[PDB]
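Chain lettering (A, B, C, D, E, F, G, H and I) follows the sequence in which the chains are written, and residue indices restart at 1 in each chain.
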Amino acid sequence: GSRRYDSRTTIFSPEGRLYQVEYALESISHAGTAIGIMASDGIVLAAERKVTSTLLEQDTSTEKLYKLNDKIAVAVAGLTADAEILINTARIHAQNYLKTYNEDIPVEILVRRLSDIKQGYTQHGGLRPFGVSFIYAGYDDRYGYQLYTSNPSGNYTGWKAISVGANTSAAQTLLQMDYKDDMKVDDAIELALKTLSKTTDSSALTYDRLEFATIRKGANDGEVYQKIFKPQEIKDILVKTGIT
Amino acid sequence: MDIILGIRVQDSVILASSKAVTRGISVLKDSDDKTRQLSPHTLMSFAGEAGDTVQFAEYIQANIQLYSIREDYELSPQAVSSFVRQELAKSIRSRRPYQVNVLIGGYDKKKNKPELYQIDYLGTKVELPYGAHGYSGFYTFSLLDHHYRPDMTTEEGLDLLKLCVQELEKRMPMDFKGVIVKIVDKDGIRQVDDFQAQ
Amino acid sequence: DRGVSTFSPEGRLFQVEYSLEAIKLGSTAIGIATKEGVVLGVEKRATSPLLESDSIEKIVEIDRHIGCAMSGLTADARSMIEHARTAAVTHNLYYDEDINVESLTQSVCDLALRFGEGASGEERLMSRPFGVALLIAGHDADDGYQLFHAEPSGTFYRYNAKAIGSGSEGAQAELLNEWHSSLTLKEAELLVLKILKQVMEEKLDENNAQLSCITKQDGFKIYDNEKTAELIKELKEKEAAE
Amino acid sequence: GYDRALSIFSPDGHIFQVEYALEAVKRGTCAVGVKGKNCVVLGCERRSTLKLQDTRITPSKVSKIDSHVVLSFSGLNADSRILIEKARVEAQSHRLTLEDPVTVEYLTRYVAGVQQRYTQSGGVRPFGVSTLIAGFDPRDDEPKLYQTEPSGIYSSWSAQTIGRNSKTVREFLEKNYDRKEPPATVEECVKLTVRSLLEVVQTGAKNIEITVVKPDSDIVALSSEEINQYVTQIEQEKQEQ
Amino acid sequence: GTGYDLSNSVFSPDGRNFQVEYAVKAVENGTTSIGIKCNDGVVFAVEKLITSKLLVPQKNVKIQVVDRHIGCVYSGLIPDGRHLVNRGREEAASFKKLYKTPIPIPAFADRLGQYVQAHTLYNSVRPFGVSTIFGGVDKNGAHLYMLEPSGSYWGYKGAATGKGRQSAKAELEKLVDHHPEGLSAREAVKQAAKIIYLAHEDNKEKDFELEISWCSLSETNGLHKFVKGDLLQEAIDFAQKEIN
Amino acid sequence: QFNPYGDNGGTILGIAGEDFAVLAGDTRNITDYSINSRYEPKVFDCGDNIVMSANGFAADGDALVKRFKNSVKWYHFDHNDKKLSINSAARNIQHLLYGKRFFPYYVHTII
Amino acid sequence: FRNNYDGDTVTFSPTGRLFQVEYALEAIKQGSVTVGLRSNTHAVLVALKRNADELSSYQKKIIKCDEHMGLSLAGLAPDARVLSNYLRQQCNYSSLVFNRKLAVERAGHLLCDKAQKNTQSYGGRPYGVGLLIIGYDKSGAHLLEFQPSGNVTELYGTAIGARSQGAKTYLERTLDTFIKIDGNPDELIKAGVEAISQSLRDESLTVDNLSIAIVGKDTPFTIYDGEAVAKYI
Amino acid sequence: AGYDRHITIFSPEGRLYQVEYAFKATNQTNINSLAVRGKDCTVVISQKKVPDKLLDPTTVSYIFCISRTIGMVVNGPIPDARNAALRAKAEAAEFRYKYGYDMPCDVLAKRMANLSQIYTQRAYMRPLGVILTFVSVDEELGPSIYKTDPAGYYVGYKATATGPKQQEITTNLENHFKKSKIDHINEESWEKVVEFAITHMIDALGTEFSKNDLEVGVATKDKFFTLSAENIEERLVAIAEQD
Amino acid sequence: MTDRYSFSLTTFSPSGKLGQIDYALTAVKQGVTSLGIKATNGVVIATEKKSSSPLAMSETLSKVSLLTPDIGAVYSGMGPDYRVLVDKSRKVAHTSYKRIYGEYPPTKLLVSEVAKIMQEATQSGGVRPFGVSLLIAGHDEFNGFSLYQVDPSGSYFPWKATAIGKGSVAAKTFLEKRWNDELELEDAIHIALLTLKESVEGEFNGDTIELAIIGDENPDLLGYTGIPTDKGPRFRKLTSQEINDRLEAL
């Protein structure tokens, strides 16, 4: 029959571990490093582009930083195609909530729902898990600026500063070293770039290998603004922070 | 139909609901509470089809209570009313629609302002300083168009409702056996046990 | 791998046979049928002194005239009890009468082989057999007092006395000698208490052991700890007598 | 579509997938529950593999099923949410039909039933979660504490612990809990809870969280200071000897 | 490597389907049965091994009728043969319902052919453990067919399958050569009876029972009928005479 | 438009004695103003000492008696040849009749 | 060899065998002995009932399908319950739709076709029980032997189960005698009891151990157990 | 791991062995077939081998009439051949019903190739061990030869060959077209195009044919038909009066 | 019967690799070289028509396919896999866009739709990933000209210029030397023919080469007149003659 060829993706190891989850996490540990840092006046998302060429169009490119809501954005580490599947369902869930309650979806509710979908592929279906780790950057009028992270297991946690993908151990040590509770966005932007510049597997940290986004409540407005940095804007901030 | 009245004052929303339940020839009950508490600061009154009326109310109540526990948070009166509207908007195009008209009176703790929502069985939601369902509105709206101010105190609002009930007791054909009056403010929902002769 | 409804070269069902091994590890349950009623007794077997012993529910009521005891994977028995309770009440609704004990047992046993990954016979949606054996005991007007042993195999036997669980083979050999067609209810109660004491790892008291009976007059009743304690005291005295 | 029998019997009469689900519980952070004369207390340890979390938003270990019932767990966090959600839905459904909130036994029986179902259904693995369910029955003041496990087996405890080093903390509780005189105060109940956790947590003011459930929907979680005060007093009991 | 013979629909490195070839081994192990196409019809005959005296003679019928004009006989796993005839009957009824005319023999042949071939396409089903000899009279003459476990079938002058298929085929070949003008329905019944007795020598240890059926335009009005009584005994004697 | 129901007339009678019971019924079967049969049995022996007649629409009457007779047969199969008591037979028929609550057996039935 | 080709019923062996079917056939040989035999007026089932303990009951071996048909089992009892219940429906359907008693030969065809479906599809398993069907229809007395392989054979007499060969040899010898026991039920039953006792070894057939059924000309299928078989021991 | 050769999943080399072994099944019948285009016709020749004397040779065929206009010759086992034939017929009839015109040869080829591609991707469906050569005189493209394989591959041919000795026939035809400089057989009658096909069938295989060794199907404007033994005999007489 | 393969055939290995995707990429690597270059006023996609027989008609096999009147696609790897993807891509352009918004999808979104189809073949039960890499070139009003590469994993990235298949490594290197942000469409076609020559072993002409462009609107290829807003398709496949003319200026 068919049983012969069944990998059994949703079974426990003798130790009580989920094979496919563990192996999916191993897959992500090779993907470009993504960093999120939450400050008092906003949040910073930074991501290192894995594999680039001279002929790679960076202006029309987006592989790690995606807009879910007007208040919620994500940083991606792992399979881009798997991530886009989950991103689309998350974008729909946000709109379902807005249509139902006439209010924007609270960050955790959206995060939990995506994490629950990931958990599903972990317990039933016989399908492989999504080889994706998300860093959620979002704002709502309950908890303010929030930073979440989710992995193939379907587990999510909140952070002041976090990294996913490659060299997370080295990145987390550097973040835990220089992070302070009273930080400003501009300080966080710098911390994010410094941490990446030291964890990079490449020679130098150039603009063409980076994606940058900040979620700030521009004082001269009163509303939350999402800013996905353009190639030139990344090039500028890279010089100012003293990396050139 | 049963009498369903609502009035938003300065710091509270007051709901007045008739106590009578009539089936055909007989008045079966004269102490019926035509309301449900969806959350500590949100109250919903209802009138309509015999079975649908309570069934819909308890169904909505269950969903808001489930949300409250899941999030450890109370939805704003606007968010609850938008949820109720969508439920009725689904219902109207189903096999057997809920024939229930509702008034949602809630105090928004975030805005620190009272709110009153009127939604009919079709899913027609509107926010009002004062609202009524059925034939009640035909006598009451002109009364309230005349005597209503937005700065009125809760006591002024109770005097204003008394004036509405008196008009409904004079000109209405049905004996609705008086009303149960409830106040929704910053401190939650309480029942005025003394409206039989206030 | 290998199918869940695969035959062994000996003509046995692997999963059914392995299921019987799970029951062998379960807590001991003894049933004794008399012309005065059927007695059911179980070993509570608490895993820790902090475990509140009275929360161990291994003897359950199916109907006023039918009760049962479980041994093995006790969690598997819940849906079986649910099915039994429904089958009993449903029969009463359809026929204005009590369901025969044998008919109730057969209905429970009908679920047993309803396992597989797609066995061509009906829609057997259950990944494995039950990991629990049942001692269904009751009374009806047609066949009087009865004791049945329901297995995950689907087969059920009627016993005058039966022991299931860890100390089954030893307790069964004891029941073999001790049982006779003229036993009284009290004789059976003490006899369950005596044989449980023999096979139990712990010293039998009114906390790690539970008694119950089914009589035509009062139906199925679970003995409260105070009632059992006296029967234990009565048993110790009669043993020390000779 | 997928109905492959994952939880099956082995030659020795074991269901390895249920057995390995318990190993996931052994891996999970320690959780403890003790019932007093007028309250139940739930204690949970906090991991330290990574420290830089946001404690405000990070999902807490003790969850409210209803206003009167709480659920703590040990094992896979992702799996626990599915159990909590289903329990929370059943809580409201029971109130809607019976017109009376769930008893702690009933809520436990339901959660255990869901867990058991996943041990003999096609195409699903068992929950790698054991739970502690505590609270007070409607209009009742007698404390309730129950434990469930991947197999679907449940039972009530005077005091119980699950997770990593639950073996150690249970021993403490077995020789520190008297059924004759259960902690007759909320204070001495929380003290016995923190004491039992300190046997394993190894100096953890921020690594220990406590929740107190009293009769009539009176549930409150203790702050770091309130707990840290207990730790300070307990460390003195040792040094004063 | 190996293991190409464990699943049904798998091709082996030499383009074979081993499970089908394994099904043939079950056919070869079975009783011998034949089919003789005559000038205006077809004759079917089968060996019936008398296991013991307890078998009620003439009761355990093997030859089956499809519709009212088709006769089917098979060697191998008898239950599988019944399953195929059950399908063949449904298939014939479906044809008659829509087209009014009873199903033509070549039409009916393909209907069984496609159905048997279908059981070689998936690993969830087992190939048929029978070779079926069938045929009858339609709009334009008589037809004889033999169907293999592979789904393969052809039109035949004479057909044979089972234990003594070689002895039968040898006798069938002699008849084709010595009768280029065509055998008669009467003669084919006698000749079928002989071929069975001669092919029984590959199983001469156990006693057997003869069973003959025929479908002739002149003799049976083009309807399938069993050979019984005097005509059966006449054929039994014709064989018992030429066996010595 | 097609009317699934008809009226075959007839009348049935049941009287219970102290240790006996009778179930009578005329053998006339009709349609409008014509007689279909002068002898068409209406009262039946269903086994287990139970007599039954479902008078009204004959097609519904026959279908009900047939289904009850088959219910008695399966009662023996499922319950070790136990005798179906008259009280049990009645309750069984209630479920047979209420089973078609929204497309009723157009009959007055007496056992 | 065998180990690679006995995982499921959907697999043929290199020799063309179905081991899962053969394994199911082995469950019959492990089952308790039962005997069928017929004349021209009657058909008799004699079955040896097996008990677990001396405290247990002797599990029933004979099931009634209709007023004119019934069967005896050897192997898995729940599978015999499934197949007998299917046969009960087929006899029932024939009566309700056609006002016609189901022919014993046709009943055998239906059991054959149902057993076959469990021998060709994945996920399923062959039935683990042998059946001996007796019946009196429009063509007289009948006896059928059902095998899980799907093979159904009409016989004058036969036996299935453990040591069944003893009874089968006796009947093959007593053939000319019992076939003529017409109009005498007691003698046909005695001939069956003498048949079944040729398969004994452990004990001797007792009162609560013997099970006999009969059907015929003016005899509806009736089962005799206990006190009712005492006059045959 | 080693099951990458049992079902249609990629091997480490990026290969699909089940598709490759399905290709091997196409030669099981030991039959060679060729197709050539005339001026306004298309001719298929296929070897006919009837070993058993008990066979009715009139029923032994690997050429199928799919529609009034389309004909198909198969290389591979007959059960898979008839599976592909019935499907092609069903697809041809449906297309006409839905779209109001006769399904073109190249479209049926693509449709059958797409179906074959699905068995290449889906695990539960095995590839058919056959190669299908479709022929017709399309109302838009004229004489057409389109051939599909177990891989799901298909393409149009000026002429083609299939079977064990495919390469010998292919190179033979190649050399003729290198010489003639045209992509067809410049002949007005189909009879001579059939004769051409038989002639080069003989030259490439080095074997003489009787009337029962061959099998011919001819596609013309608005009709595809197969030749009888005597129609072929007439063709064999004509080629003999040249050599 | 019934597809009982409801489980994934692509799963994570201990190393974190997705075997079937890696092997699908290996199958791509064996495939014939195809390329794409983006100019300032157009995009060019080209491949070699590897005729598997001289008796076969290479015209009846298009390796370059039109998806929408402004979007074209080329591949490297398994031909049959590409063909069915083209059919699905053409349909999804209608069902998921044109039937809703009354206009053809922008290049990036159709690429995203194709990527989704290929992604699902990586996760869905009882299937293998597509053994192809695609190069999709298109134009839309708000994004201008763009070129994308879609891999078996479902991952897609935009390019200024790139090559896939056999000699991709060597071809990409040559493109890096010749590409600039000021290239005219004709210059890109010239570079395309140069890069492809190094990949072709045998005959190199308009019959062995398949080349198409995404440039200006072609009102002569529209099929009708009378609607001013409809100015024709931007996708145009170059004729065998049009290629040879540019090969003389090689």
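Simple rule for what comes next: contacts are C-beta pairs under 8 Å (C-beta built on N, C-alpha and C of every residue); 3 or more make two chains touch, one makes a residue touch a chain.
Just so we're on the same page, UniProt names per chain: A = Proteasome subunit alpha type-3; B = Proteasome subunit beta type-4; C = Proteasome subunit alpha type-5; D = Proteasome subunit alpha type-4; E = Probable proteasome subunit alpha type-7; G = Proteasome subunit alpha type-6; H = Proteasome subunit alpha type-1; I = Proteasome subunit alpha type-2.
Between the contact lists of chain H and chain I, the overlap consists of A, E. Number of steps on the shortest path from chain G to chain H, with steps defined by chain touch: 2.
Between the interfaces D-I and E-H, more contacting C-beta pairs are found at E-H. The chain with its Cα centre farthest from the Cα centre of chain H is B.
Set against the C-alpha centre of chain A, every other chain centre is closer than that of F.
Centres computed as Cα averages put chain D at a distance of 61 Å from chain F.
With centres set at the average Cα position, the gap from chain C to chain I is 70 Å. One inter-chain figure worth recording: chain A and chain I are separated by 31 Å, centre to centre, where each centre is the mean of the chain's CA atoms.
Residue positions 2-4, 6, 123 of chain D are each in touch with at least two other chains. The multi-chain contact residues of chain I, meaning those touching 2 or more other chains, are 2, 4-7, 9, 125. For chain H, the set of residues that touch two or more other chains comprises 6-7, 123-124. Remark: chain H residues 7-16, 106, 110, 113-114, 116-118, 120-124, 146, 151-153, 155-160, 170, 173-174, 177, 183 touch chain I in the complex.
Residues 2, 4-5 of chain A are the ones that touch chain H when the two sit in their complex. The touching residues of chain E, when paired with chain I in their complex, are 118, 122, 124-125.
Chain contact summary for the complex, chain H toward chain E: residues 2, 5-7, 17-18, 21-28, 53-56, 58-60, 77-80, 82-83, 86, 124-127, 129.
Note for the complex: chain D touches chain A at residues 2, 4, 6, 17, 20-27, 50-59, 76-79, 81-82, 118, 123-128.
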